[PDB]
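Trainee:
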Amino acid sequence: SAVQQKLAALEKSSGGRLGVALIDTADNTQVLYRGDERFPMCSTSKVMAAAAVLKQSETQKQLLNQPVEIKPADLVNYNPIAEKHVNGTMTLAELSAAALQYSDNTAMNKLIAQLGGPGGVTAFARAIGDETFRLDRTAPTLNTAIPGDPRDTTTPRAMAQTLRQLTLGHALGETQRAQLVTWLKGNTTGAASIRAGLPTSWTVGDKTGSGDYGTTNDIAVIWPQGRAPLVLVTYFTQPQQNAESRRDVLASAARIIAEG
Ligand SMILES: *C(=O)[C@@H](NC(=O)[C@H](N)c1ccccc1)[C@@H]1N[C@@H](C(=O)O)C(C)(C)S1
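Its first residue numbered 28, the sequence shown is counted upward by one per residue in the deposited numbering.
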């Protein structure tokens, strides 16, 4: 098709490996590029950890208000929010917001501990029908993004289908789904990614991710005013371990997609 040629064109211009999946929920049609390929999710896996805690909240109604200690042993490479509350507590809602809207790695690890380990995150993915997602490690080592390593990976197709079920479908409760949607709106880390390639009149909820080998990821759910919603997944990784981030590729992929 035409979109596949331009996506393949910008992948060649980038020197890396692009993975794209858009779900057009108007006709339930799909446009995919390397859609069944394994990519490191990096911090985009935090959506699955936040959604899994939200699923736990459908029986323990008062769970997001439960305080959780933050103390020096908990801090790792990048903790923009949990750094402010060391030797204090942080409720599971403020850690979920820190993980989604600021990509706080300590918040992720607290989300992972609440679920009983990374196997508890993968469990929730299998329960909602995702057989491809797998979380193996905690932050920050889940961002190693070594080529060929199946650890902490998924495919663009699977993550787009899952993100549709979480934010648009009914894999979560309505109070849970509205909370995750409201969280993805408040994201502060995706200005130069998928958002930069979409019309400004388009409201977007997204979660970014980045790691070694220049991995630059972004998953988004998009609501054009007057039109049926879209979910977009753009994964990108590079051959050099020390490669720099390429958020511009993610914006250009979304621009090629938005022209459809
Ligand atoms: C997940 O993607 C996280 N990335 C890391 O922990 C990497 N070790 C790292 C890469 C680059 C700079 C700092 C740490 C966090 N999520 C990224 C993102 O959302 O773009 C991040 C750069 C904010 S860190």
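For every residue, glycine included, the Cβ atom is placed at its ideal position computed from N, Cα and C.
1. Could you tell me if residue 28 is buried or exposed, where buried requires 16 or more neighbouring beta carbons within 10 angstroms of its beta carbon?
2. Could you tell me how far apart the beta carbons of residue 236 and residue 41 are, in whole angstroms, since I believe they sit closer than 8 Å?
3. Regarding residue 67 and ligand 1, is the C-beta to nearest heavy atom distance less than 6 Å?
4. Are the CB atoms of residue 78 and residue 257 nearer to each other than 7 Å?
5. By the three-class DSSP mapping on this structure, what secondary structure does residue 222 have?
6. Return the first residue and the last residue of the alpha helix (DSSP H) that residue 121 is part of.
7. Do residue 241 and residue 270 have their CB atoms nearer than 7 Å?
8. Just to check my reading of the structure: residue 284 and residue 103 have Cβ atoms closer than 8 Å, yes? What is that Cβ distance to the nearest angstrom?
9. By how many angstroms is the C-alpha of residue 62 removed from the C-alpha of residue 182?
10. Among 34, 76, 274, which has the Cα closest to the Cα of residue 150?
11. Which runs of the beta strand (DSSP E) fall wholly inside the segment 174 to 258 and span at least 3 residues, in chain order?
12. Give the single residue among 119, 254, 179, 145 whose Cα lies nearest to the Cα of residue 92.
Mentor: The answer reads as follows:
1. Position 1 of the sequence shown holds residue 28. It counts as exposed.
2. For the purposes of this step, residue 236 is taken as residue 209 along the sequence shown, with counting starting at 1. For the purposes of this step, residue 41 is taken as residue 14 along the sequence shown, with counting starting at 1. Going by Cβ atoms, the distance from residue 236 to residue 41 rounds to 17 Å, so no, they are not a contact pair.
3. Stepping through the sequence shown from its first residue, residue 67 is reached at position 40. No.
4. For the purposes of this step, residue 78 is taken as residue 51 along the sequence shown, with counting starting at 1. For the purposes of this step, residue 257 is taken as residue 230 along the sequence shown, with counting starting at 1. Between residue 78 and residue 257, the CB-CB gap reaches or exceeds 7 Å.
5. Here residue 222 corresponds to residue number 195 of the sequence shown, with the count starting at 1. DSSP, read as helix, strand or coil, puts residue 222 in helix.
6. Residue numbering aside, residue 121 sits at position 94 when the sequence shown is read from its first letter. Run containing residue 121: 119 to 128, per the alpha helix (DSSP H) assignment.
7. Stepping through the sequence shown from its first residue, residue 241 is reached at position 214. Stepping through the sequence shown from its first residue, residue 270 is reached at position 243. Yes, these two residues count as a Cβ contact at 7 Å.
8. For the purposes of this step, residue 284 is taken as the residue at position 257 of the sequence shown. For the purposes of this step, residue 103 is taken as the residue at position 76 of the sequence shown. The Cβ separation is near 34 Å, so there is no contact.
9. Within the sequence shown, residue 182 is the residue found at index 155, counting from 1. Within the sequence shown, residue 62 is the residue found at index 35, counting from 1. So the two alpha carbons sit approximately 6 Å from each other.
10. What you label residue 150 is simply residue 123 of the sequence shown in a count that begins at 1. Ranking 34, 76, 274 by Cα distance to residue 150 puts 76 first.
11. Taken in chain order, the whole beta strand (DSSP E) runs of length 3 or more contained in the segment 174 to 258 are 230 to 237, 243 to 250.
12. Within the sequence shown, the letter at position 65 stands for residue 92. From the listed residues 119, 254, 179, 145, the smallest Cα separation to residue 92 is found for 119.
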